[PDB]
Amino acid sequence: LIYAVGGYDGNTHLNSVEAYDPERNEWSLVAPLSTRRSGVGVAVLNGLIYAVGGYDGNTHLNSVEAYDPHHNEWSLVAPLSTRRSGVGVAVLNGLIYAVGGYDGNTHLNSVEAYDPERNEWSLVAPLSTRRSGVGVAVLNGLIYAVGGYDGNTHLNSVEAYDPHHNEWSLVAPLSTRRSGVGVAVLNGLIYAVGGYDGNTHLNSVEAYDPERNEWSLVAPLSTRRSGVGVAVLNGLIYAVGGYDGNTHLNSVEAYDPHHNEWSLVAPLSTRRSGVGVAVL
């Protein structure tokens, strides 16, 4: 299932959570979060969905909660060291990494890692650049931080974290500055989906080949989408919700890399931008 967690429907921040079953092309609502959360990072570890940070409408959040699908329950665990909305979240070597974000009064280059065995976050090497609205994914044992916003420019830059040496290094930038970008890994490529370049919301999509350190543009989305959640299921990339510039979206579309095409599927129950999306 694809879980869509939190977000913003235009006129309220959401604690609701819904799950997509591709076999029936249906979304259904499950247990909500303890707290409304938009700009939330969402990752899967040891059979739980972790919802990390976010914005509840009136404060940026350091709290973290984990969803157990066997009991349809969220439970709060150890909070981040820093409030983080617009945070990117990925799983590597059994840790959850929280990458960048916005604490309310500064955009963050800091990065911290959660160990579920000890219920603790610890700070590791920071990014080269402050990044909120950053997309994060894991490929070949590295964490890639893709685009974002440093406070005073939207970013096309991309950097990769090597946990063996606790270091980030900059690689090839995107073709287009992208904040609020969704990122996922499929067939050994990183896809950067939509986002916002500073002066337009984007429908474009580009794929990174680490063997050649190159991004290349592929088929665009049907709709411009920033603040979009992206996940991979059954060999398709799903782009979930987002914001097209002039409406928040409930629509969902799926990318087939074999035919280089997106197609619209069942929409969410509610419009959701800044939504976190994970597969469990």
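Each residue number is its position in the shown sequence, starting from 1.
56-64 and 39-47 differ in mean CA B-factor, and the higher of the two is recorded for 56-64. The question of which stretch, 153-161 or 193-201, has the higher mean Cα B factor is settled in favour of 193-201.
Taking the deposited Cα B-factors for 75, 169, 110, 187, the highest one is held by 187. In the deposited coordinates, the residue among 71, 178, 84, 131 with the greatest CA B-factor is 71. Residue 233: CA B factor in the highest third of modelled residues in this chain (values from the PDB entry). For residue 100, the recorded CA temperature factor ranks within the lowest third of the chain's modelled residues.
Remark: residue 23 belongs to the highest third of its chain, ranked by C-alpha B-factor as recorded.
In this PDB entry, the Cα temperature factor of residue 263 sits in the bottom third of its chain's modelled residues, the lowest group. The entry lists a Cα temperature factor for residue 32 that places it in the middle third of the chain's modelled residues.
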